[PDB]
Amino acid sequence: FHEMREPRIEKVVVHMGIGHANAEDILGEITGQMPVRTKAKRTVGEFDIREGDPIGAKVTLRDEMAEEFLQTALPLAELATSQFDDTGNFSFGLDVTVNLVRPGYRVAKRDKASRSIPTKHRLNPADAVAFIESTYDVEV
Amino acid sequence: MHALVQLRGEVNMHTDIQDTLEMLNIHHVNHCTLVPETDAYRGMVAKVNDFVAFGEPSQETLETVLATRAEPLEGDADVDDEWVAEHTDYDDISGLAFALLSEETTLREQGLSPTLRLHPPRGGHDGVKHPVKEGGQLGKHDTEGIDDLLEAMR
Amino acid sequence: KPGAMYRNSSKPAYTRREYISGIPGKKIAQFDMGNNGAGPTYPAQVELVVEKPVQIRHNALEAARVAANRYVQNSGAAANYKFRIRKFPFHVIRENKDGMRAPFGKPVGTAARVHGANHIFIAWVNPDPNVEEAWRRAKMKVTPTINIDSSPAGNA
Amino acid sequence: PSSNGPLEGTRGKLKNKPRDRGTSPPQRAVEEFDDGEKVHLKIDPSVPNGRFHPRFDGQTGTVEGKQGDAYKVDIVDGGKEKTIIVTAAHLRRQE
Amino acid sequence: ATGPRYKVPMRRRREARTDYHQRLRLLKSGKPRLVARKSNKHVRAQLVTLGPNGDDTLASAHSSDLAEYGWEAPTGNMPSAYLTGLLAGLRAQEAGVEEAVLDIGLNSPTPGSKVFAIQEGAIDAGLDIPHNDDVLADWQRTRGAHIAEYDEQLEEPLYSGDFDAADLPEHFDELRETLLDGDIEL
RNA sequence: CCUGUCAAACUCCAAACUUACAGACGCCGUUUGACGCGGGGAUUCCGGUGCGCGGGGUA
RNA sequence: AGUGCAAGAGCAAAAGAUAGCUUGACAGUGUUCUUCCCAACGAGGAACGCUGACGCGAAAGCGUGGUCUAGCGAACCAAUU
RNA sequence: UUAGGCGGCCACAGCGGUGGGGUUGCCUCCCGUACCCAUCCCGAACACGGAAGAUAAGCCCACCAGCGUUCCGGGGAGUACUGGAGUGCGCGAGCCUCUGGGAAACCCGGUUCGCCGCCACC
Ligand SMILES: [Cl-]
Ligand SMILES: [Cl-]
Ligand SMILES: [Mg+2]
Ligand SMILES: [Mg+2]
Ligand SMILES: [Mg+2]
Ligand SMILES: [Mg+2]
Ligand SMILES: [Mg+2]
Ligand SMILES: [Mg+2]
Ligand SMILES: [Mg+2]
Ligand SMILES: [Mg+2]
Ligand SMILES: [Mg+2]
Ligand code: NA
Ligand code: NA
Ligand code: NA
Ligand code: NA
Ligand code: NA
Ligand code: NA
């Protein structure tokens, strides 16, 4: 049963929501791979009328790239609980978000015969705290 | 097998109703025809319902009418037993009538005009403004009801 | 103007405000009267049943309703009874006020279409039908002839 | 009519019941008919091309050759004989 | 689901199995489809026709019944693909089928992909299929050379036990060669 | 939750009915030649009423 | 939601969004329907073909402008190819 | 069909939920990036290569009706509406009789947790 039910980290997105950048450089070093531009939608008063326009970047980290990052990121955070997703996700911080889920997730990300994950096989906030907490730190 | 008797004239009656009466071989007031009881025929007399009088006649009655008002497809020739026998598949009027009622043949098939041109009802009819259930003479009748009309116009 | 001009349901239903503008507001003050806090937990229940389909201008609805309720103060301002006028004036009505040239009229008012046999009013009372009288005065100000029907009440 | 365009008064016949909404099944868009077959003409609200003039919705003509993939169906408008260029997407075999 | 006005996608769309738009364009040729499908361990190749009550398969080939001809290698690879194509291609011929268009389902048209391989084979089997030579693999990769060279960087057998240690693109030729004459079910 | 009402330019529903084609019966046509085709000659393009369905209008 | 603009209608692995590439908003000649129900009538419109030349695509294929229904003009004369 | 592929009809198939199933035909998740191919950043996906592990997802199998849907019984209802007819009623609005058709809401009880085609296959 377990082993195919025990949580795991799938991508940690690190993004800086500027309002118009040079910041990319730091994300590249802080992570280890190229950042990605962040165009915006809608025209607004914050002199942000341009639709397609660089206004931040993000970096999606998977596997070791993600851990080796979290092995320094998490430490720089304290928070826990409430600040957690209903799917067992959480974002702290510049932003750093951690997407957690169980083994058979590809079923919902693939092309053919894809399917959404059954609520039972979903990850709860609790089951999340457990996994991470049980990895160099403390909850709440 | 019902006997149809047009009781209302043509003036003002819908064309498709008049036409139907004509398809049932009736072209004048008081003319009568003997129609089989089929789905197709049924739909027709239903449409003609308000300008006619119909119902199943008793053997005798049909016989009286046939004897008094049946005609050859052409000519004055009286259709009496002899005529019936020397010309039809039957032996006498009764023989014929029976075949008609049992819908085994028709007036044409026996070389007879499809129409029985009756005489005006003796003592008048019950009115052409109301149906039977209302005391008039329109629509479907009883076997005893149709007989009265047919016999009066004998 | 006379009820004669608008008491018949001969015209098309004209109620799409999305396509009509300048509709005068209703003169009907309220629909629920009496102890509206309480629910129909009364022994007796009488109704005013219209006997013919007609159109009732919000003028007559208000005049009729007032005359009845204003009278239901034979029971007092805070008496124990609840009165309900269930119909609302949706049918917008016009007037052609040029002779018959471009004669589509202009919105002058509204009326409620009631079908014969519907109840326009429903009161709720305890064996104390002053309401029966509250209605003799009500069908007095509406176009149709009416029937004062009592429902839960074998207390004759 | 307040105007005389082809879609005048077609709100109903060229609209789909909410559940029949969306792209239609390719099976019938590819059906093959033979010269002489009686076919029912009906526009698939979901299928843009291959349409005939709305006025003929409901007609039952006879396939007489085709033109490109589209078919050529002979119908009789009132007393007038006409030929309609219509794709299968909008046709059904009678009976 | 929600109400009477709700719209439920066609089953095969719910199941995310059939791209109906591409299917219509396919049926447009009025030709048989060379269904090229995959699985983690195998590869299928069918020749479908249209039918009154649904599709009719006149000839197919599965990477598993490949051993039945002397295949002693894995079955979710390029050399496997090609052959399955060639196999289906042949039975196809026997069925009286001459031309087909490539239905690659929800798979991506990537160059040198197994589907294309499947297509190459079926073409060589004698089947007439609209195609594009330079979207196909370079014969060597078809034979299974890319894998042989991958095992060269050995240190540990690419194949857990299986057959060979250095693998055999020759095994491929031997099989192709076989299929090109006589034998049962062809 | 409970409770009060509506739609020419609303519709989860939904008639009667009208309508395309086909078969059947009826009626009709093959010396009264129908269905249809080609040509000659018009008149006509102020209409009205009853009934049903209407739209406008206090009427 | 969006799809340039009325209104009604069509569209979700798209008819919408994004990216890229491209000029089929191409030339020639027709069939049919429409304009004009039935039922004759021009310009105009549309659907669907064929020939030629192309764009894109792995390919079936899509592209006879913008999802559909408005955005249009006889003879004579002039300019133009 | 001890788990497959392509479909037809396109909710009777939808939404939600329970139980069962894999040394193997299998499907998956899964393991992994030298290649073909790939991410405006990530082998996530796409693509390729492969089996150490798993049946927890998916999927297949059996079943549940609370919601949505299909069809049926009984009631509503031969009610509403309506094709044809009337020297029937009514100041009128409108109604009534005969004849031929005939609903919707809603309630109660069943049905429905897909059916079928081709191919492949201990
Ligand atoms: Cl047309
Ligand atoms: Cl596949
Ligand atoms: Mg004679
Ligand atoms: Mg006398
Ligand atoms: Mg009399
Ligand atoms: Mg309409
Ligand atoms: Mg009509
Ligand atoms: Mg177009
Ligand atoms: Mg001039
Ligand atoms: Mg010029
Ligand atoms: Mg299980
Ligand atoms: Na004036
Ligand atoms: Na009164
Ligand atoms: Na559709
Ligand atoms: Na023209
Ligand atoms: Na950019
Ligand atoms: Na499982």
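Rounded to the nearest 20 debye, what is the charge dipole size of chain E about its Cα centre when +1 sits on each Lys and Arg Cβ and -1 on each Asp and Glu Cβ? Walk me through the numbers on the way to the answer.
Details: 21 positive and 32 negative charges, 462 e Å.
Dipole of chain E, to the nearest 20 debye: 2220 debye.
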| task | On a C-alpha basis, how far is the centre of the stretch D:31-95 from the centre of the stretch C:30-49 in Å? Whole number, if you could? | result | 63
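Given Cα pairs under 8 Å that are at least 6 residues apart, what percent is the relative contact order of the stretch B:58-113?
38
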| Quick one: if you stick a label point 7 Å off each Cα along the C-beta vector at A:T72 and B:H130, how many nm between them? | 10.9
| Expressed in nm², what is the orientationally averaged projection area of the convex hull enclosing the Cα positions of the stretch B:58-113? | 3.2
| Options B:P120, B:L138, B:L150, ranked by Cα towards positive dipole end of the stretch B:108-154, top entry (Cβ charges) | B:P120
| field | Column: log10 I(q)/I(0), Debye, Cα scatterers of the protein assembly as shown, q = 0.05, 0.10, 0.11, 0.12 Å⁻¹ | value | -0.68, -1.16, -1.22, -1.27
| task | Count the net charge of all other residues whose Cβ sits under 13 Å from the Cβ of A:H2, scoring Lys and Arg as +1 and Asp and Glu as -1. | result | 0
| Which whole-Hz ³J(HN,Hα) couplings does the stretch E:66-81 yield from phi under the Karplus relation 6.51 cos²θ - 1.76 cosθ + 1.60, θ = phi - 60°, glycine and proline marked x? | 7, 4, 3, 10, x, 7, 10, 10, x, 10, x, 10, 3, x, 4, 2
| field | the stretch A:34-64 and the stretch A:97-139: distance between their alpha carbon centers, rounded to Å | value | 26
| Helix-only mean residue ellipticity at 222 nm for chain B, each DSSP H run of n ≥ 4 adding -39500 (n - 2.57), per residue, nearest 500 | -10500 deg cm²/dmol
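Can you check how the C-alpha radius of gyration of the stretch E:32-168 compares to 2.2 N^0.38 Å, as a plain ratio?
1.08
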| field | Chain lengthening between E:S29 and E:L58 when straightened (0.36 nm per residue, less Cα-Cα) | value | 8.7 nm
| said: Can you find, among B:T88, B:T106, B:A67, the residue sitting farthest towards the positive end of the charge dipole of the stretch B:58-113, where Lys and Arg contribute +1 and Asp and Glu -1 at Cβ? | reply: B:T106
| note | When E:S80, D:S3 are arranged by how many other beta-carbons sit within 10 Å of their Cβ, fewest first, they go D:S3, E:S80
| request: Give me the net charge of C:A156's neighbourhood, meaning all other residues with Cβ under 15 Å from the Cβ of C:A156; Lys, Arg count +1, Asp, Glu -1. | output: -3
| task | Specify the residue with the greatest mean-square fluctuation among E:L106, E:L24, E:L175, computed from a Gaussian network of chain E linking alpha-carbon atoms under 10 Å apart. | result | E:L24
| Which log10 I(q)/I(0) values, to two decimals, does chain C give at q = 0.08, 0.13, 0.18, 0.20 Å⁻¹ under the Debye formula with one point per Cα? | -0.27, -0.63, -1.04, -1.21
| Can you give the relative contact order of chain B as a percent, counting alpha carbon pairs under 8 Å and 6+ residues apart? | 29
| request: Report P(r) for the stretch B:67-154: all Cα-Cα distances, bin width 10 Å, range 0 to the bin holding the largest distance, values in whole percent. | output: 16, 41, 28, 14, 1
| task | Give the residue from A:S114, A:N124, A:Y136 lying farthest towards the positive end of the charge dipole for the stretch A:100-140; charges sit on Cβ (+1 for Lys and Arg, -1 for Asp and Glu) and the dipole is referred to the Cα centre. | result | A:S114
| request: Identify which of E:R25, E:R11, E:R176 has the largest mean-square fluctuation in a Gaussian network model of chain E, with springs joining Cα atoms closer than 10 Å. | output: E:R11
| Footprinting exposure proxy for D:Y71, E:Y6 (fewest neighbouring C-beta atoms within 10 Å first) | E:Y6, D:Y71
| field | Scaled radius of gyration (Cα, divided by 2.2 N^0.38 Å) that chain A gives | value | 1.18
| query | In the Gaussian network model of chain B, springs joining C-alpha atoms below 10 Å, which of B:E86, B:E144, B:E63 carries the largest mean-square fluctuation? | reply | B:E86
| note | Magnitude of the Cβ-charge dipole (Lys and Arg +1, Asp and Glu -1) of chain C about the Cα centre, nearest 20 debye, reported as 800
| said: Give me B:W83, C:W135 sorted ascending by neighbouring Cβ count inside 10 Å, so fewest comes first. | reply: B:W83, C:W135
| note | Rounded to whole angstrom, the alpha-carbon centroid of the stretch E:1-79 lies from that of the stretch B:83-154 at a distance of 73
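Since every read-out is calculated from the coordinates, none of them should be taken as a lab result. Positions of Cβ are backbone-derived with ideal geometry, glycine not excepted, and every protein chain shown enters the neighbour counts.
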